[PDB]
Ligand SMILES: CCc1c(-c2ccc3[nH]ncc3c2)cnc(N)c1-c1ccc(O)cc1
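In the block that follows, a single chain appears as structure tokens, in the form deposited without the ligand.
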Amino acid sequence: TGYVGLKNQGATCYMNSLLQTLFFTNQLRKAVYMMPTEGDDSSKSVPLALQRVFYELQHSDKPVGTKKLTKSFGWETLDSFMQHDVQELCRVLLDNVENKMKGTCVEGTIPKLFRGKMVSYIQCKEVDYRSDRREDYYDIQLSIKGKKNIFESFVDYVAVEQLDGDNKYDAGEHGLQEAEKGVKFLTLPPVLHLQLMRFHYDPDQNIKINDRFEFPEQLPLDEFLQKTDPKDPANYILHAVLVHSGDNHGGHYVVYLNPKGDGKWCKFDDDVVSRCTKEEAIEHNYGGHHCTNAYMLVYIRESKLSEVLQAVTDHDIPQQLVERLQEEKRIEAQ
């Protein structure tokens, strides 16, 4: 396939899937290669550890290990990953690499790639008061229970909620008031991270939601924006499908990618990477009928696709870093 896998080194759950996803965000990968990690101590540095994983994923012929990386951000106990969501790990990783890019020539790469803006509003029904606030986001958690596809998820996510009764809004000078609450999307980022809400609480444990939930290859999002742009419609192309199979923690995590965005899909199952059909990356992961389904999707804005998937060569990795990692290998070999 020309792509290499990642080793199974414990119950790291989504971790390898997310690492392959981030590695094939080529613009992110190049920015990570530029990070000034010469002075870093290797035992403690997450940015250096992500640099290392990416370098190996780009050059290694054998499955890549991840032990230095998990040590660097300190999720080292038997159940450390079972106690966090995939977006929490992504946050830990991207926060580290963007704090490292402060003051550098690649500062802002993470906000530029993954941050969008929305508005959260409260409009009073019986008096004249509307409270607006802008929030940034790096990911979207989409409810699926009782929703047939992504589209109904986005409708449910922007739908109006009612505040009244014993839950009425405190409009300050206006006292308690009846109101509506809601969010609109102001900006959608070039890379769109969508978690699906498949891991829930039952009337008293946690259960997996294996319901059918359709997601498309091409996703139009113009109609969930507050104001659109005719020059850049909000059309996204499906880039990654992170899949879990099973109804409990004894399940198995894999990820399907079309790394180039050209519709040629591969299955990354830890150390095995294999060519797969389009039906097997997408429809076969809808759920419904089994227990195999998507819990997270990555989309790229078509207008930014080629810039986010720009070719990476080995002259993109600075020689200081190639030297440090090759010296690491050379000490490992003695």
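Numbers for residues come from their place in the sequence shown, where the first is 1.
Going from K62 to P63, the model skips none of the deposited residues; the chain is continuous there. In the deposited sequence, the stretch from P230 to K231 has no residues without coordinates, so the chain runs on without a break. Checked against the record, the higher mean CA B factor of 160-168 and 211-219 lies with 160-168.
When 322-330 is weighed against 8-16, 322-330 comes out higher, by mean CA B-factor as recorded in the entry. Across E56, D271, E283, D41, the entry's maximum B-factor at the CA atom is seen for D41. Per the deposited record, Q205 carries the highest C-alpha B-factor of all listed residues (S80, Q205, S72, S143). In the PDB entry, a CA B factor belonging to the highest third of its chain's modelled residues is recorded for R133.
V127: CA B factor lies in the highest third for its chain, per the PDB record. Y256: CA B factor lies in the lowest third for its chain, per the PDB record. Placement of the Cα temperature factor of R275 within the chain: middle third of the modelled residues, per the deposited record. In the deposited entry, the Cα temperature factor of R301 sits in the middle third of values across the chain's modelled residues.
One more form of this protein, deposited with the ligand bound, exists but is not displayed; see below.
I110 is the sole member of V106, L188, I150, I110 with a non-hydrogen atom lying within 4.5 angstroms of the ligand in the deposited complex. Only one of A179, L219, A171, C90 comes within 4.5 Å of the ligand in the deposited complex through a heavy atom, and that residue is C90.
Using a 4.5 angstroms heavy atom cutoff to the ligand in the deposited complex, all of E98, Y138 and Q195 count as contacting.
Residues with any non-hydrogen atom within 4.5 angstroms of the ligand in the deposited complex fall in just one of 67-75, 254-262, 221-229, 111-119: 111-119. With a 4.5 Å cutoff on heavy atoms, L94 counts as touching the ligand in the deposited complex.
When the ligand is considered in the deposited complex, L50 lies well away from it, no heavy atom lying within 4.5 Å. A residue is said to contact a partner when one of its heavy atoms sits within 4.5 Å of a partner heavy atom; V32 fails this definition for the ligand in the deposited complex, lying far away.
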